[PDB]
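First comes the structure, then the notes that go with it.
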Ligand SMILES: [Zn+2]
Ligand SMILES: [Zn+2]
């Protein structure tokens, strides 16, 4: 194992020769520990509050979920706590028959996903464009010396060696050299595996089960379309710590995509798979009585959560795992088959070739998140292969049948559920939703410290406009959104981001009129909206039924909420007076 990771550790140990030591009381049980060195503490025990959103959401000052979200611990203490809970475990090896079905399915699945698209290398110019369009990283990309280090590392990869590709459990911390090595490792991963994302291999059209690039505003419509397929209930089982359950067998199956690559691409992707996925060197902060140390650890399995290929590879493995579970529910795979090291291939290949694509269409898969509508309910108790592959469901005994839903509107997916609304004109909309306290709690969080009232107000406007576009059907959020937009100067451009979710298309990151953007998203560009008649007033943009809004957390009907609603122009004026003599519009 040291032959692949040795060079990386040597460079770290040499760079930190002053404080390098082997801490005898390191807490690592399933990860190989190499040593430690002193570091300045990274992270915070609490999150900074967005004063603009807080001032305009006074009734949520008395709400428990809002307080919890403001309490994210990212300090070395917090890092170690999560590590012990989840990360420091071993997944039992799947049985020989299970490994055979997984291999057959992975091979068939990669061929299916590659039917129209050819893998390709991604470029310095693409990486540069993505870094620029999103936004330290933008500065590194402009530096020619960053790219010469990338070239030097790439030459080692071509030789089957790695010198600087090290993953971090936290954030960035002589200082530009360590940062260039991190961003350079992300570039090389992007160059070799970025095609999965850049060329939309997991789009619904390409992958059948995937939803990559679809967007939050389409997810509900996709669940409603799956609901029309004849079969059993819709299942949406949560896996306990999916990334920790990715096995050596899963990684071997994922690597199969290299077979479809050109020789020059295959060499680079083979280097990413072998040196950074199947072997990894990780940095993790740890508090000590003396201060704070950085631990250097390694392992041969599990998924690195913050990697370019993580989303696509998790989606791939979950599509494979759910097809295997569907085969088991259908009686194609028995307990005897899973234990069998001489399992017959024939029935598996026949099911995949005749039913595979149809079975993929019964699913919505996004990383570890899945919804499956199997042909019948035998799937509920078909748990042998699911547990054996290591994808053990969260907070339920291993062998208790899964509970499915007979209404797509009750199905959890991507932290949301979806409602069908009827507009005043009779047209139907399918909208995303979640418990309201989660939406308000998140909008009240400002990421980082040392932010002016301007940057704070602009992030507040970004949240308000996200509510106008995605959660307009929630009475309190439409009201709060109108209040925030009335308090923030009309010409101020929303900055930073409301979410890192892959489903977010950030249509709210604009100073274009929100009703114009709403019509474009929900009417004009909506493929499930046959009648393109525009909505000319917010009065014609619908709400959830009052009862559903309350079931989803609305404060409508409470006296404190009626008080807030009555007194909102006052709070808006207070924000305006502190911002100054700028141009404001009254959205109330
Ligand atoms: Zn490397
Ligand atoms: Zn809801």
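Residue numbers (UniProt numbering): 2762 to 2896, 2910 to 2947, 2959 to 3373.
Heads up, the beta-carbon is just placed ideally off N, CA and C, and yes, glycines get one too.
Check                                                                                                                                                                                                : Outcome
May I ask you to check if the CB of residue 2777 is nearer than 7 Å to at least one heavy atom of ligand 3?                                                                                          : Inclusion of ligand 3 in the displayed structure is not the case, the ligand content consisting of ligand 1 and ligand 2 alone.
Please tell me whether residue 2804 and residue 2837 are closer than 8 Å, where the distance is taken between their beta carbons.                                                                    : yes
Starting from the C-beta of residue 3035, find all residues in its chain whose C-beta is less than 6 Å away, skip the five residues before and the five after it, and write them out in chain order. : 3102
Flag this pair as yes or no: are the beta carbons of residue 3257 and residue 3093 separated by less than 8 Å?                                                                                       : no
Can you tell me whether DSSP reads residue 3081 as helix, strand or coil?                                                                                                                            : strand
Verify whether the separation of the beta carbon atoms of residue 3020 and residue 3157 is less than 8 Å.                                                                                            : yes
If you draw a straight line from the alpha carbon of residue 3346 to that of residue 3196, how long is it in whole angstroms?                                                                        : 29 Å
In angstroms, rounded to a whole number, what distance separates the CA positions of residue 3010 and residue 2763?                                                                                  : 51 Å
For ligand 2, any of its heavy atoms closer than 7 Å to the Cβ of residue 3202?                                                                                                                      : yes
What residues come near ligand 2, if near means a beta carbon less than 5 Å from any of its heavy atoms?                                                                                             : 3218, 3337
Could you tell me the distance, in whole angstroms, from the CA atom of residue 2861 to the CA atom of residue 3013?                                                                                 : 33 Å
Pick out whichever of 3287, 3262, 3069, 2930 has its Cα sitting closest to the Cα of residue 2800.                                                                                                   : 3069
Under 8 Å between the Cβ atoms of residue 3314 and residue 3307?                                                                                                                                     : yes
In whole angstroms, give me the CA-to-CA distance for residue 3298 and residue 2923.                                                                                                                 : 45 Å
How is the beta strand (DSSP E) around residue 2832 delimited, first residue to last?                                                                                                                : First-last for residue 2832: undefined, no H or E at that position.
Less than 7 Å between the CB of residue 2938 and some heavy atom of ligand 1, yes or no?                                                                                                             : yes
Using 7 Å as the cut-off, classify the Cβ of residue 2927 as near or not near the heavy atoms of ligand 1, replying yes or no.                                                                       : yes
Are the beta-carbon atoms of residue 3328 and residue 3260 separated by less than 8 Å?                                                                                                               : yes
What's the gap between the Cα of residue 3136 and the Cα of residue 3052?                                                                                                                            : 33 Å
Going by beta carbon distance, what residues of the same chain come within less than 6 Å of residue 2892, once the five residues before and after it are set aside?                                  : 2911, 2912, 2915
Does DSSP put residue 3203 in a helix, in a strand, or in coil?                                                                                                                                      : strand
Please determine whether the Cβ atom of residue 2930 lies at a distance below 7 Å from any heavy atom of ligand 1.                                                                                   : yes
For residue 3017 versus residue 3161, is the C-beta spacing smaller than 8 Å?                                                                                                                        : yes
Would you kindly report the start and end of the unbroken alpha helix (DSSP H) that includes residue 2866?                                                                                           : 2857 to 2874
Return the first residue and the last residue of the alpha helix (DSSP H) that residue 3334 is part of.                                                                                              : 3331 to 3336
Between residue 2970 and ligand 1, is there a pair consisting of the residue's CB and a ligand heavy atom that are separated by less than 7 Å?                                                       : yes
Using a Cβ-based criterion (distance less than 7 Å to any ligand heavy atom), does residue 3060 qualify as near ligand 1?                                                                            : yes
Rounded C-beta distance between residue 2898 and residue 3243? I'm assuming under 8 Å.                                                                                                               : This model leaves out residue 2898; its place in the chain lies between 2896 and 2910, and no residues are given there.
Is it buried or exposed for residue 2818, if we count other Cβ within 10 angstroms and need 16 for buried?                                                                                           : buried
By Cβ distance, which residues of its chain are closer than 6 Å to residue 2767, with the 5 residues on each side in sequence left out?                                                              : none
Relative to the alpha-carbon of residue 3041, which residue among 2983, 2985, 2978 has its alpha-carbon at the smallest distance?                                                                    : 2978
Is the beta carbon of residue 3159 closer than 8 Å to that of residue 3114?                                                                                                                          : yes
Bridge partners of residue 3149, per DSSP?                                                                                                                                                           : 3156
Scan the stretch 3206 to 3245 and note each continuous beta strand (DSSP E) run of 3 residues or more that stays entirely inside, going in chain order.                                              : 3213 to 3218
Tell me whether residue 3129, by its Cβ, gets closer than 7 Å to a heavy atom of ligand 1.                                                                                                           : no
Taking contact to mean 3 or more Cβ pairs, one atom from each stretch, closer than 8 Å, check whether the stretch 3246 to 3255 and the stretch 3337 to 3355 are in contact.                          : no
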